[PDB]
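Report on one structure; see the data block that follows.
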Amino acid sequence: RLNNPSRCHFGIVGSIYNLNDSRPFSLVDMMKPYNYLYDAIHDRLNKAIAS
Amino acid sequence: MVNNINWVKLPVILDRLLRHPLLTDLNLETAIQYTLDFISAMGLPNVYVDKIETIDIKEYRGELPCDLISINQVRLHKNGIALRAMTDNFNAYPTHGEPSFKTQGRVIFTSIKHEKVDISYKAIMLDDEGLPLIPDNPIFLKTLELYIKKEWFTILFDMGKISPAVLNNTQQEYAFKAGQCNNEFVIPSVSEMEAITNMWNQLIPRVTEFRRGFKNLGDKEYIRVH
C-alpha cells in the first residue's frame with residue numbers, strides 16, 4: 001500500500017461465511033440433520049417394503 | 001422375572017403336599033416325575049441353567065454335551081459368527097454359503113467340516129444328589145403342589161375315590177395358579193424393561209443382533225447432535 005510499509009499480504013484471498021466472529025454455520029450444516037432423518041426414515045421405508 | 005431363583009431341594013414340595021391326608025402316599029419317586037413334567041409343561045427359561053461349552057466338528061458332525069436340553073445359539077469359535085437353522089436337505093451329501101446347524105440327539109449337524117463351535121445351551125440345576133433342584137418361589141411351589149394334587153386326584157377320580165366336585169375345584173385352582181406362575185416367571189423386571197426399551201425405540205433400527213450373541217439387543221441407540 002502507498003502510505004503503510006507494513007501493509008502486505010500473500011496471493012491467498014478469501015472469506016468466511018460466518019456470523020459475528022464465530023465459526024461458519026454453512027448451508028450444508030443447517031440442512032444435514034434433516035438429511036440424516038430422511039435417511040433413517042427411508043431405511044424404515046425400505047425395510048417395510050422388504051417385509 | 002422380578003424375583004430371583006433361590007434354589008431348594010425337591011422334598012420342599014413334599015413338605016407341603018403331605019399336609020393333605022389324601023396325598024400321604026406320594027413319594028420322592030413320584031415328586032421327581034411330576035416335577036419334571038411340570039417343568040417341561042411350563043417351559044420357563046429362567047428355571048434352566050445357562051451354560052456355554054465348546055466342541056469340535058469332525059465332518060459336519062459333533063458330539064453334544066450330556067445335560068443339554070435346548071440350544072440358545074451356536075457360533076464359530078474363531079469368528080464369533082452365529083449359526084442359523086439348516087434348511088438344506090442335502091448338507092453333507094455331495095453331487096458328482098452362510099453356515100448353519102441342526103441338532104436331534106447327541107449329534108449336531110453343522111455345515112462346516114472341521115471347526116470348533118461354541119454352544120450356549122440350557123440345562124437343569126442339580127442337587128448334591130443327582131436330582132432336579134427347584135425354585136423356592138412360593139408361587140412356583142404352590143403351582144407344582146397343585147399340579148401333583150390334580151394328577152393324584154385325577155387318578156383317584158378315575159378309580160371313583162374322589163367326588164367330581166373336588167376334582168373340578170382342584171383343576172380350577174391349578175389353572176389359575178398355572179396362569180399366575182406363567183406370568184410371574186415371564187413378565188420383565190425393571191432392568192429387563194430397560195433392555196426392551198433400548199431395543200424398541202431405535203431411529204435407525206438394529207436388525208443384526210443374531211450375528212452377535214444378542215449382545216447388543218439391549219444397548220441404547222445414541223444419536224449425535226447436529
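Labeling convention for the C-alpha cells: chains A, B, ... as they appear, residues from 1 per chain, ligands from 1 in order of appearance.
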Using only C-alpha atoms, determine which residues of chain A fall within 8 Å of chain B; present them as a compact mmCIF listing (two decimals) with N, CA, C and O atoms, in the first residue's frame.
```
# COMPACT_ATOMS: atom_id res chain seq x y z
N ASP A 29 -24.51 -27.50 6.72
CA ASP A 29 -24.63 -27.76 8.15
C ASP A 29 -26.07 -27.65 8.61
O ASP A 29 -26.55 -28.47 9.40
N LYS A 32 -28.11 -30.66 7.10
CA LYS A 32 -27.67 -32.02 7.37
C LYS A 32 -28.57 -32.81 8.32
O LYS A 32 -28.82 -33.99 8.05
N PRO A 33 -29.05 -32.25 9.45
CA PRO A 33 -29.92 -33.06 10.32
C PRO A 33 -31.15 -33.59 9.62
O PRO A 33 -31.56 -34.74 9.83
N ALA A 40 -32.73 -42.13 7.77
CA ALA A 40 -33.25 -43.10 8.73
C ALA A 40 -34.68 -43.51 8.38
O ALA A 40 -35.03 -44.70 8.40
N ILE A 41 -35.53 -42.53 8.06
CA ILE A 41 -36.93 -42.84 7.80
C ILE A 41 -37.05 -43.64 6.51
O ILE A 41 -37.91 -44.53 6.39
N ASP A 43 -34.76 -45.70 5.46
CA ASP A 43 -34.34 -47.03 5.88
C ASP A 43 -35.53 -47.82 6.42
O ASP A 43 -35.73 -48.99 6.08
N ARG A 44 -36.32 -47.18 7.29
CA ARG A 44 -37.55 -47.80 7.76
C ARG A 44 -38.46 -48.16 6.59
O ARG A 44 -39.06 -49.24 6.55
```
Please return, as a PDB file with N, CA and C atoms, in the first residue's frame, all residues of range 34-136 of chain B that DSSP assigns to strand (DSSP E or B) on the basis of the backbone.
```pdb
ATOM      1  N   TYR B  48     -33.871 -72.890  33.977  1.00  0.00           N
ATOM      2  CA  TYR B  48     -32.740 -73.652  33.473  1.00  0.00           C
ATOM      3  C   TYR B  48     -31.438 -72.896  33.710  1.00  0.00           C
ATOM      4  N   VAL B  49     -30.340 -73.645  33.726  1.00  0.00           N
ATOM      5  CA  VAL B  49     -29.011 -73.086  33.948  1.00  0.00           C
ATOM      6  C   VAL B  49     -28.380 -72.774  32.601  1.00  0.00           C
ATOM      7  N   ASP B  50     -27.934 -71.534  32.429  1.00  0.00           N
ATOM      8  CA  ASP B  50     -27.256 -71.130  31.205  1.00  0.00           C
ATOM      9  C   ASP B  50     -25.806 -71.591  31.259  1.00  0.00           C
ATOM     10  N   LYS B  51     -25.401 -72.389  30.274  1.00  0.00           N
ATOM     11  CA  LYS B  51     -24.046 -72.907  30.187  1.00  0.00           C
ATOM     12  C   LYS B  51     -23.529 -72.731  28.769  1.00  0.00           C
ATOM     13  N   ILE B  52     -22.212 -72.586  28.653  1.00  0.00           N
ATOM     14  CA  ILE B  52     -21.529 -72.479  27.370  1.00  0.00           C
ATOM     15  C   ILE B  52     -20.452 -73.551  27.340  1.00  0.00           C
ATOM     16  N   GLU B  53     -20.375 -74.288  26.235  1.00  0.00           N
ATOM     17  CA  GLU B  53     -19.422 -75.383  26.126  1.00  0.00           C
ATOM     18  C   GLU B  53     -19.028 -75.544  24.668  1.00  0.00           C
ATOM     19  N   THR B  54     -17.725 -75.633  24.418  1.00  0.00           N
ATOM     20  CA  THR B  54     -17.180 -75.722  23.071  1.00  0.00           C
ATOM     21  C   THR B  54     -16.959 -77.177  22.685  1.00  0.00           C
ATOM     22  N   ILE B  55     -17.231 -77.491  21.417  1.00  0.00           N
ATOM     23  CA  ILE B  55     -16.963 -78.807  20.858  1.00  0.00           C
ATOM     24  C   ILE B  55     -16.288 -78.628  19.508  1.00  0.00           C
ATOM     25  N   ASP B  56     -15.693 -79.712  19.025  1.00  0.00           N
ATOM     26  CA  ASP B  56     -15.080 -79.761  17.708  1.00  0.00           C
ATOM     27  C   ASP B  56     -15.971 -80.532  16.745  1.00  0.00           C
ATOM     28  N   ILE B  57     -15.918 -80.141  15.476  1.00  0.00           N
ATOM     29  CA  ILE B  57     -16.684 -80.778  14.410  1.00  0.00           C
ATOM     30  C   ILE B  57     -15.740 -81.677  13.626  1.00  0.00           C
ATOM     31  N   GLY B  62     -20.806 -83.269  15.248  1.00  0.00           N
ATOM     32  CA  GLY B  62     -20.117 -83.018  16.501  1.00  0.00           C
ATOM     33  C   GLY B  62     -20.847 -83.664  17.653  1.00  0.00           C
ATOM     34  N   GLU B  63     -20.085 -84.032  18.678  1.00  0.00           N
ATOM     35  CA  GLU B  63     -20.660 -84.626  19.876  1.00  0.00           C
ATOM     36  C   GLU B  63     -21.274 -83.542  20.749  1.00  0.00           C
ATOM     37  N   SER B  70     -31.772 -77.570  25.544  1.00  0.00           N
ATOM     38  CA  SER B  70     -32.066 -76.651  24.459  1.00  0.00           C
ATOM     39  C   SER B  70     -30.816 -75.842  24.162  1.00  0.00           C
ATOM     40  N   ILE B  71     -30.739 -75.338  22.935  1.00  0.00           N
ATOM     41  CA  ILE B  71     -29.597 -74.566  22.461  1.00  0.00           C
ATOM     42  C   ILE B  71     -30.051 -73.125  22.293  1.00  0.00           C
ATOM     43  N   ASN B  72     -29.404 -72.209  23.014  1.00  0.00           N
ATOM     44  CA  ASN B  72     -29.665 -70.792  22.794  1.00  0.00           C
ATOM     45  C   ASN B  72     -29.102 -70.342  21.453  1.00  0.00           C
ATOM     46  N   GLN B  73     -27.851 -70.700  21.174  1.00  0.00           N
ATOM     47  CA  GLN B  73     -27.204 -70.319  19.928  1.00  0.00           C
ATOM     48  C   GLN B  73     -26.011 -71.229  19.697  1.00  0.00           C
ATOM     49  N   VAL B  74     -25.534 -71.228  18.456  1.00  0.00           N
ATOM     50  CA  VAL B  74     -24.279 -71.863  18.079  1.00  0.00           C
ATOM     51  C   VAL B  74     -23.513 -70.867  17.223  1.00  0.00           C
ATOM     52  N   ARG B  75     -22.209 -70.759  17.462  1.00  0.00           N
ATOM     53  CA  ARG B  75     -21.363 -69.832  16.724  1.00  0.00           C
ATOM     54  C   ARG B  75     -20.030 -70.499  16.430  1.00  0.00           C
ATOM     55  N   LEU B  76     -19.279 -69.896  15.514  1.00  0.00           N
ATOM     56  CA  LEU B  76     -17.932 -70.358  15.216  1.00  0.00           C
ATOM     57  C   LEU B  76     -16.973 -69.817  16.264  1.00  0.00           C
ATOM     58  N   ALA B  82     -22.606 -66.245  14.544  1.00  0.00           N
ATOM     59  CA  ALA B  82     -23.605 -67.200  14.990  1.00  0.00           C
ATOM     60  C   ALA B  82     -24.137 -68.013  13.814  1.00  0.00           C
ATOM     61  N   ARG B  84     -27.319 -70.418  12.027  1.00  0.00           N
ATOM     62  CA  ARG B  84     -28.761 -70.436  11.839  1.00  0.00           C
ATOM     63  C   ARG B  84     -29.234 -71.873  11.658  1.00  0.00           C
ATOM     64  N   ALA B  85     -30.550 -72.050  11.674  1.00  0.00           N
ATOM     65  CA  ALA B  85     -31.121 -73.364  11.428  1.00  0.00           C
ATOM     66  C   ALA B  85     -30.857 -73.779   9.989  1.00  0.00           C
ATOM     67  N   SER B 100     -24.730 -72.951   9.033  1.00  0.00           N
ATOM     68  CA  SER B 100     -25.960 -73.323   9.719  1.00  0.00           C
ATOM     69  C   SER B 100     -25.710 -74.600  10.511  1.00  0.00           C
ATOM     70  N   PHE B 101     -26.744 -75.066  11.209  1.00  0.00           N
ATOM     71  CA  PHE B 101     -26.619 -76.246  12.052  1.00  0.00           C
ATOM     72  C   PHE B 101     -27.983 -76.893  12.244  1.00  0.00           C
ATOM     73  N   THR B 103     -29.687 -80.003  15.250  1.00  0.00           N
ATOM     74  CA  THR B 103     -29.433 -80.887  16.380  1.00  0.00           C
ATOM     75  C   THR B 103     -30.654 -81.763  16.609  1.00  0.00           C
ATOM     76  N   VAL B 107     -26.003 -85.539  18.649  1.00  0.00           N
ATOM     77  CA  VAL B 107     -25.253 -85.162  17.459  1.00  0.00           C
ATOM     78  C   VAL B 107     -25.758 -83.810  16.981  1.00  0.00           C
ATOM     79  N   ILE B 108     -24.830 -82.938  16.600  1.00  0.00           N
ATOM     80  CA  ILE B 108     -25.145 -81.653  15.985  1.00  0.00           C
ATOM     81  C   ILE B 108     -24.597 -81.679  14.566  1.00  0.00           C
ATOM     82  N   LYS B 116     -14.225 -75.637  15.393  1.00  0.00           N
ATOM     83  CA  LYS B 116     -14.741 -75.640  16.753  1.00  0.00           C
ATOM     84  C   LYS B 116     -15.866 -74.623  16.869  1.00  0.00           C
ATOM     85  N   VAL B 117     -16.954 -75.028  17.519  1.00  0.00           N
ATOM     86  CA  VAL B 117     -18.158 -74.216  17.640  1.00  0.00           C
ATOM     87  C   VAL B 117     -18.499 -74.051  19.113  1.00  0.00           C
ATOM     88  N   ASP B 118     -18.970 -72.861  19.469  1.00  0.00           N
ATOM     89  CA  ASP B 118     -19.406 -72.548  20.823  1.00  0.00           C
ATOM     90  C   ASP B 118     -20.918 -72.676  20.897  1.00  0.00           C
ATOM     91  N   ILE B 119     -21.401 -73.465  21.853  1.00  0.00           N
ATOM     92  CA  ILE B 119     -22.828 -73.700  22.040  1.00  0.00           C
ATOM     93  C   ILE B 119     -23.215 -73.156  23.405  1.00  0.00           C
ATOM     94  N   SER B 120     -24.135 -72.199  23.416  1.00  0.00           N
ATOM     95  CA  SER B 120     -24.758 -71.715  24.640  1.00  0.00           C
ATOM     96  C   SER B 120     -26.070 -72.469  24.797  1.00  0.00           C
ATOM     97  N   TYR B 121     -26.129 -73.357  25.784  1.00  0.00           N
ATOM     98  CA  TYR B 121     -27.249 -74.266  25.957  1.00  0.00           C
ATOM     99  C   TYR B 121     -27.786 -74.138  27.373  1.00  0.00           C
ATOM    100  N   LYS B 122     -28.972 -74.699  27.581  1.00  0.00           N
ATOM    101  CA  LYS B 122     -29.653 -74.677  28.865  1.00  0.00           C
ATOM    102  C   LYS B 122     -29.721 -76.084  29.442  1.00  0.00           C
ATOM    103  N   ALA B 123     -29.549 -76.185  30.761  1.00  0.00           N
ATOM    104  CA  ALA B 123     -29.648 -77.459  31.462  1.00  0.00           C
ATOM    105  C   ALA B 123     -30.470 -77.288  32.731  1.00  0.00           C
ATOM    106  N   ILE B 124     -30.509 -78.317  33.575  1.00  0.00           N
ATOM    107  CA  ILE B 124     -31.245 -78.292  34.836  1.00  0.00           C
ATOM    108  C   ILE B 124     -30.255 -78.151  35.978  1.00  0.00           C
ATOM    109  N   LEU B 126     -28.901 -79.125  39.282  1.00  0.00           N
ATOM    110  CA  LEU B 126     -28.966 -80.368  40.033  1.00  0.00           C
ATOM    111  C   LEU B 126     -28.573 -80.139  41.486  1.00  0.00           C
ATOM    112  N   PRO B 132     -33.263 -83.173  40.327  1.00  0.00           N
ATOM    113  CA  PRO B 132     -33.577 -81.789  39.961  1.00  0.00           C
ATOM    114  C   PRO B 132     -33.642 -80.895  41.188  1.00  0.00           C
ATOM    115  N   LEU B 133     -33.399 -79.608  40.956  1.00  0.00           N
ATOM    116  CA  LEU B 133     -33.380 -78.601  42.009  1.00  0.00           C
ATOM    117  C   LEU B 133     -34.359 -77.507  41.611  1.00  0.00           C
ATOM    118  N   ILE B 134     -35.338 -77.237  42.471  1.00  0.00           N
ATOM    119  CA  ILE B 134     -36.500 -76.428  42.096  1.00  0.00           C
ATOM    120  C   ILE B 134     -36.398 -75.021  42.677  1.00  0.00           C
ATOM    121  N   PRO B 135     -37.003 -74.005  42.057  1.00  0.00           N
ATOM    122  CA  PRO B 135     -37.079 -72.696  42.712  1.00  0.00           C
ATOM    123  C   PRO B 135     -37.950 -72.750  43.954  1.00  0.00           C
TER     124      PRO B 135
END
```
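The space separating CA of residue 198 in chain B from CA of residue 221 in chain B comes to 6.8 Å.
A straight line drawn from CA of residue 128 in chain B to CA of residue 23 in chain B is 26.7 Å long.
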### Message
Among range 62-149 of chain B, which residues does DSSP mark as helix (DSSP H, G or I) when it is run on the backbone? Keep the chain and numbering as in the structure and answer as an NGL selection string.
### Response
:B and (138-149)
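If you look at CA of residue 220 in chain B and CA of residue 197 in chain B, they are 8.4 Å away from each other.
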### Task
Can you pull out every residue within 10 Å of residue 147 in chain B, counting only C-alpha atoms, but drop anything in the same chain fewer than 6 positions away, and send it as a PyMOL selection string?
chain B and resi 34-35+37-38+141+153+170-171+173-175+177-178
Write the residues of the preceding selection, restricted to N, CA and C atoms, as a compact mmCIF listing (two decimals), in the first residue's frame.
```txt
# COMPACT_ATOMS: atom_id res chain seq x y z
N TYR B 34 -43.41 -85.97 38.50
CA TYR B 34 -44.38 -84.91 38.26
C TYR B 34 -43.71 -83.54 38.25
N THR B 35 -42.60 -83.37 38.97
CA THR B 35 -41.88 -82.11 38.91
C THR B 35 -41.24 -81.91 37.55
N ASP B 37 -42.35 -83.21 34.79
CA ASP B 37 -43.48 -82.95 33.91
C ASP B 37 -43.92 -81.50 33.99
N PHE B 38 -43.98 -80.94 35.20
CA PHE B 38 -44.39 -79.55 35.37
C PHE B 38 -43.35 -78.59 34.80
N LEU B 141 -43.94 -73.11 43.97
CA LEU B 141 -44.20 -74.24 44.85
C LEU B 141 -45.69 -74.55 44.92
N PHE B 153 -55.51 -86.64 42.22
CA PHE B 153 -56.96 -86.64 42.29
C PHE B 153 -57.58 -87.13 41.00
N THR B 170 -60.08 -78.62 42.24
CA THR B 170 -58.63 -78.73 42.14
C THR B 170 -58.15 -78.25 40.78
N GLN B 171 -58.84 -78.63 39.71
CA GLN B 171 -58.45 -78.21 38.37
C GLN B 171 -58.58 -76.71 38.20
N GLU B 173 -58.37 -74.36 40.60
CA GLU B 173 -57.29 -73.72 41.33
C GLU B 173 -55.97 -73.88 40.61
N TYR B 174 -55.70 -75.08 40.08
CA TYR B 174 -54.44 -75.30 39.39
C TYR B 174 -54.36 -74.45 38.13
N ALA B 175 -55.46 -74.30 37.41
CA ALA B 175 -55.44 -73.49 36.20
C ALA B 175 -55.11 -72.04 36.53
N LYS B 177 -53.50 -70.87 39.16
CA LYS B 177 -52.13 -70.72 39.63
C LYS B 177 -51.12 -71.01 38.52
N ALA B 178 -51.48 -71.83 37.53
CA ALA B 178 -50.60 -72.02 36.38
C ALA B 178 -50.47 -70.72 35.60
```
### Task
Within 8 Å of range 7-22 of chain B, counting only C-alpha atoms, which residues show up once you throw out same-chain ones fewer than 3 positions away? Write them as a ChimeraX atom specification, please.
/B:25-28,31-32,127,131-136,141,144-145,149
### Query
Using only C-alpha atoms, which of B:143, B:4, B:163, B:110 sits nearest residue 182 in chain B?
B:143
### Message
Residues near residue 209 in chain B, anyone? I mean within 12 Å using only C-alpha atoms, not counting same-chain ones fewer than 6 positions away, as an MDAnalysis selection string.
### Response
chainID B and resid 73 81:82 199 215:219
Output C-alpha atoms for every residue in the selection just made, as a compact mmCIF listing (two decimals), in the first residue's frame.
```
# COMPACT_ATOMS: atom_id res chain seq x y z
CA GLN B 73 -27.20 -70.32 19.93
CA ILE B 81 -20.40 -65.54 13.82
CA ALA B 82 -23.61 -67.20 14.99
CA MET B 199 -34.50 -52.50 21.66
CA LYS B 215 -25.07 -58.91 22.99
CA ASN B 216 -26.35 -55.57 21.68
CA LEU B 217 -30.07 -56.34 21.73
CA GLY B 218 -30.42 -54.01 24.71
CA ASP B 219 -27.87 -51.24 24.11
```
